[PDB]
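Reviewing the structure listed below.
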Amino acid sequence: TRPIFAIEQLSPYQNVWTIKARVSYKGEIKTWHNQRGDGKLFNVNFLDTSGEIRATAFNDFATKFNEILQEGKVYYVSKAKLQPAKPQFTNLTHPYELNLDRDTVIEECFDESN
């Protein structure tokens with residue numbers, strides 16, 4: 001479990017890092033008819049001072065992931081597939097895409113004691 005890194009430090013090969021940020025805009029949940037599979041999928045956009053990023057998750061994995069994370073607040077996310085997006089492709093600068101499917105860990109800003 002890598003520690004929290006700036007959005008620019010995200011890596012697709014690492015396939016295991018941590019990033020903290022707040023939510024900016026929520027997309028929705030639509031199905032994805034793959035050539036040999038089908039299910040539900042949803043996409044959400046998270047904003048952070050380090051830069052702008054977007055998180056997306058698959059079927060039930062997103063339902064359990066979006067339910068934990070809230071709206072209008074800050075939180076942390078780790079153990080997820082990192083996919084960098086092209087800048088010109090999206091109006092946003094340094095757009096980042098995230099695919100959730102395997103075992104990922106997310107937690108809204110909660111009070112921790114230790």
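Chain labels run A, B, ... following the order of the structure tokens; each chain numbers its residues from 1, and ligands are numbered from 1 in the order shown.
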Q: Quick one: everything within 12 Å of residue 79 in chain A, counting only C-alpha atoms, minus sequence neighbours fewer than 6 positions away in the same chain. Send it as a ChimeraX atom specification.
A: /A:1-4,10-19,98-106
Would you write out those residues with C-alpha atoms, as a CSV table (one decimal), in the first residue's frame?
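Generated file (result.csv):
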```csv
chain,number,residue,atom,x,y,z
A,1,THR,CA,0.0,0.0,0.0
A,2,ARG,CA,2.0,3.0,-1.2
A,3,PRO,CA,1.5,6.3,0.8
A,4,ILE,CA,-0.5,9.3,-0.5
A,10,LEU,CA,0.1,8.7,-10.3
A,11,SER,CA,1.4,5.6,-12.2
A,12,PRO,CA,-0.4,3.0,-14.3
A,13,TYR,CA,2.3,0.4,-13.8
A,14,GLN,CA,2.4,0.8,-10.0
A,15,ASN,CA,-1.3,-0.4,-9.8
A,16,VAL,CA,-1.2,0.4,-6.1
A,17,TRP,CA,-0.9,3.9,-4.7
A,18,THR,CA,-2.9,6.4,-2.6
A,19,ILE,CA,-4.4,9.8,-3.5
A,98,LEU,CA,-9.3,5.9,-12.8
A,99,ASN,CA,-10.8,2.4,-13.3
A,100,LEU,CA,-12.1,0.6,-10.2
A,101,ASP,CA,-12.8,-3.1,-10.3
A,102,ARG,CA,-10.4,-5.2,-8.1
A,103,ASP,CA,-10.0,-4.7,-4.4
A,104,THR,CA,-9.7,-1.0,-3.8
A,105,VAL,CA,-9.7,0.9,-0.4
A,106,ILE,CA,-11.5,4.2,0.0
```
Q: Could you give me, as a PyMOL selection string, each residue of chain A that DSSP assigns to strand (DSSP E or B) when run on this structure's backbone?
A: chain A and resi 4+18-33+38-48+51-57+74-78+81-84+96-100+105-108
(Q) Just checking: using only C-alpha atoms, which residue out of A:45, A:34, A:113, A:59 ends up closest to residue 96 in chain A? (A) A:45
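The nearest approach to residue 68 in chain A among the residues A:110, A:88, A:24, A:50, with only C-alpha atoms taken into account, belongs to A:110.
Ranking A:60, A:52, A:108, A:97 by their shortest atom-to-atom distance to residue 76 in chain A, with only C-alpha atoms included, puts A:108 first.
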Q) At what distance in Å, to one decimal, does CA of residue 61 in chain A lie from CA of residue 81 in chain A? A)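 CA of residue 61 in chain A lies at a distance of 13.1 Å from CA of residue 81 in chain A.
Using only C-alpha atoms, the protein and nucleic acid residues lying no more than 7 Å from range 25-29 of chain A, apart from those fewer than 6 places from it along its own chain, are residues 40, 41, 42, 43, 44, 45 and 46 of chain A.
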Q: Apply DSSP to the structure's backbone, then extract all residues of chain A labelled alpha helix (DSSP H) and return them as a PyMOL selection string.
A: chain A and resi 59-68
Store the residues of this selection in a file with C-alpha atoms, as a PDB file, in the first residue's frame.
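What ended up in result.pdb:
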```
ATOM      1  CA  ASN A  59     -20.632  -2.660 -11.576  1.00  0.00           C
ATOM      2  CA  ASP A  60     -21.370  -3.453  -7.849  1.00  0.00           C
ATOM      3  CA  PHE A  61     -17.740  -2.477  -7.106  1.00  0.00           C
ATOM      4  CA  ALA A  62     -18.731   1.150  -7.832  1.00  0.00           C
ATOM      5  CA  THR A  63     -21.959   0.879  -5.801  1.00  0.00           C
ATOM      6  CA  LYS A  64     -19.988  -0.153  -2.725  1.00  0.00           C
ATOM      7  CA  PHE A  65     -17.298   2.414  -3.559  1.00  0.00           C
ATOM      8  CA  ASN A  66     -19.562   5.415  -4.279  1.00  0.00           C
ATOM      9  CA  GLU A  67     -21.651   4.635  -1.203  1.00  0.00           C
ATOM     10  CA  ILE A  68     -18.606   4.990   1.093  1.00  0.00           C
TER      11      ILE A  68
END
```
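Taking CA of residue 23 in chain A and CA of residue 49 in chain A as endpoints, the distance between them is 11.6 Å.
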Q) Mind pulling up the distance from CA of residue 48 in chain A to CA of residue 75 in chain A? A) 10.4 Å
(Q) I'd like to know which of A:78, A:37, A:55, A:69 is closest to residue 95 in chain A, using only C-alpha atoms. (A)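 Smallest distance to residue 95 in chain A is found for A:55.
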